[PDB]
Each structure stands twice: as C-alpha cells, then as structure tokens.
C-alpha cells in the first residue's frame, strides 16, 4: 500500500537486495582471478574507475552536447566532462588547437557510427580491414586485406583497390592485426583518392597513449576508440577530430569542419543523455593512463606478447607475421590441422580464455583457423615475460591435448567432444592453471574479501 522506505529498496546492499545476482558476481570475480584471461579486448580495470563508474553519476541527465554551463544542475557534470576532455587530449599528447575530443558516446561502436554519420552521406563508400555492422548496411563497404605472404596489410593492393573503388572514408585499425600501421602510407592513399582517413584505435589506444606504437593522430582526420581495452578504462567511447587549418592539397585557408558535425551526430544519437558515470570513470582512467606507471605497463604488455610469441614459436607454432609489435599474437593453427574453435573450447575448459580467429587463407568464416591471444589483462595482474612463458607452456599443453583428442576421437565436433568428458589431462591442466592464476594480485576488487575463496 505505502511505498517501501528509501533505506529498504534504495540503500540496502546488493548482497541483501539481490542475493542471486550478488552470488553470480562473486562467482565471476573468482573466475577473473582464478584463470588465465587472454581475451585480447579485455582488461581488468582499477578500483578507482569502478568506483566512479558505480556512483550517483548514473542518475544525472545531461543534454548530449559538450557541457560548458559550469553552473546549475550541470555544474559538476560539466567540470567532470571538462576534465575527461583535457585528460584525453593530454593522454594522447594532442594540442587542443589541432585536436578536439567528444567523450559522450556510450561505447566505441556508436562512436564510430556517429563519426560516419557526421562526415558521410548514406551509401558513401568505405574501406576497412576485412570489412554485418551498420557500417556495411548503411554504407558501401569494401575490405582491404593483408599480403598473402607476409601477413602485413598489403599497401600496394590497398592503394589499387582504393583507386578503383573511390571510398569517401578509409578506416585504419583492426581487432586481430599483430603489427603496427603505416598511417603515412594510409594518408598517401587517402590523399590520392580524396578519402577521409579515420583510425579506430580501440585495441591499442593504451599503447598509443603510452607512445609505444605509431600515433594515428599524426596522419588521420578522425580517431575513435573504445576505452576499456589496452587503455584500461571503463567501457565507453571517444571521438577525436582534427581542428583548425587543413594541410594543403584544396581551397585557400581551409579549416577542418569536423567539430560541429561530430558533436551534432553524437548529440542526436544520445537520447536520454550520455552515461555520465562512464565519463567520470573515463576521466579517472585517462589520469591513470597519463602516469609513468602506465607507460611501463604498456611496455610490459608489448614485451609480454613478444615473449609469449617467442615461447610458442620456439615450440614450432606459427604466428601470423611471425611475431607481434603490439598487445596480441595471432596463432595460426592450420599447420597443426586444428581449428581455432577446438583450441578455444578446450582452453576454456581449462580456464584459459582465448578467441578463435580467422587467419588469411581460411576457407570459411564458419571455421576460423587461428586463435587470438592478448596480453593486457594478465599484464594488469602483474605478469611479466617469464609468467607469459608459463602461459605459453599452458597453451602448449592445451594445444597438445587438443591434438591428442582430435587424433583419438576425430575432427568432427561431435566426435571431438567425446574427449572432453572426464578427461584427466584436461582436469590436470585446469588445476595447474588455477594454482598459477592464484599467485597474482587482482585489480578492481580485493581478493581477500571475495565470497568464494580457495
């Protein structure tokens, strides 16, 4: 009849209001620190970020335009957003006269689409790596591909394809490319065909901020990013855009027209307001990302991926491009006669989380031939090159086990699956993974206070 008291519904902890969800989060906390997390797009963010994320900021509606009022109901939100904006420019070593940033998109993908909406008309032609996204529904997409021999982006064919196809936009960035990007060559191709040049640096934005990979800002018109990957932030989106005078190519005294179009495109995608708690949490992560500690983290992420890749190749496994210059290694399993799904499935049963991933020369996108392995998340748990060699040995045992099950039971998934049940070798591997994982600290929550202990 009457309402519940505010203290009952509104101030009672999750543990009491919703024991089922609380119990599942606790089980997920334990999962995160009792296995080996090699999903290349995942990180373990800081408690500070998580605290800004889960705060009263989730209550605040704001318009979806860059705030400037700095008074009234938006006084503190506007200040938080101003901090997010400047810390963003600062993290990527950008001059505010030449670069602006919008931190309002909910996530990377709506940020990308808002950017496409700002600068393109519907059906405009777009080229990206292996490019069904809204990108491909509402625009005319055509992929460029890696060189069949080297695994690097085939820049000559990129230029020939762009000249034949005439894209209004060329997208840099990938999810599974283990090398850096020749943004200069991309600029040259884009200039030869009249295209805008945008980088989606989602995966390596943390390496970018740490100046451990080439900066797309040197040559790209627009740079978008999701913020939770190597950046180690909340799940949020950002759009960087050039400001001021255009380099010459073009009418006299041309200035970039990106700012208003992008702000309006984002604004019009933000019905009900942005996630101001994400902006607040992103501000915290951008501060942490500008620190000397974060530069060292980013060097360790690269060093860790290199050391895992050296361990794997030393056992005779094949890496796409024969190594890595970033946070991940792409492992080609075709020379073993294995599918990425099989290795991913058996790894998962041992609490090692990887992603099956297509490799060049795959027949069907239904059966990818590789696995993708990233270092950000376990590096954040404090792992260094030697720990990543142990991870290599865990992976070596998992793939070895996968070969044995396949050879014993068959390559058809139905037959392959027979070797996964009551398999002591799997159970032994899984136990070793848990003992190893349990050796490391965990950011974002206190393992000491977890509900499910060892």
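Residue numbers count along the first chain shown, from 1.
Asks: Could you bin the unmodelled part of the deposited chain lying between residue 384 and residue 385 as none, 1 to 3, 4 to 9, or 10 or more?
Replies: In the deposited sequence, nothing is left without coordinates between these two.
Asks: With respect to the deposited sequence, is there a break between residue 249 and residue 250 in this entry, and if so is it 1 to 3, 4 to 9, or 10 or more residues, or none at all?
Replies: Gap between residue 249 and residue 250: 1 to 3 unmodelled residues.
Asks: Out of 41-49 and 396-404, which one has CA B-factors that are higher on average in the deposited record?
Replies: Per the deposited B-factors, the answer is 396-404.
Asks: Quick check: 187-195 versus 229-237, which has the larger average CA B-factor in the record?
Replies: Looking at the record's C-alpha B-factors, the answer is 187-195.
Asks: Quick one: which of 280, 309, 206, 368 shows the highest Cα temperature factor in the PDB entry?
Replies: Of 280, 309, 206, 368, 368 has the highest C-alpha B-factor.
Asks: For the CA B factor values reported in this entry, which option in 33, 420, 57, 391 has the top one?
Replies: In this record, 420 carries the highest C-alpha B-factor of the candidates.
Asks: Once the chain's modelled residues are ordered by C-alpha B factor and cut into thirds, is residue 372 in the lowest, middle or highest one?
Replies: Within its chain, residue 372 is a lowest-third residue by C-alpha B-factor, going by the deposited values.
Asks: Quick check for you: using the entry's CA B-factors within this chain, is residue 243 in the lowest, middle or highest third?
Replies: Its C-alpha B-factor, which the entry lists for residue 243, ranks in the highest third among residues of this chain.
Asks: Of the three thirds of its chain by CA temperature factor, lowest, middle or highest, which one includes residue 332?
Replies: Its C-alpha B-factor belongs to the lowest third of this chain's values.
Asks: Looking at the temperature factor on the CA atom of residue 293, which third of the chain's modelled residues does it land in?
Replies: Within its chain, residue 293 is a middle-third residue by C-alpha B-factor, going by the deposited values.
Asks: Could you place residue 361 in the lowest, middle or highest third of its chain by Cα temperature factor, using the values in the record?
Replies: Highest third of the chain for residue 361's C-alpha B-factor.
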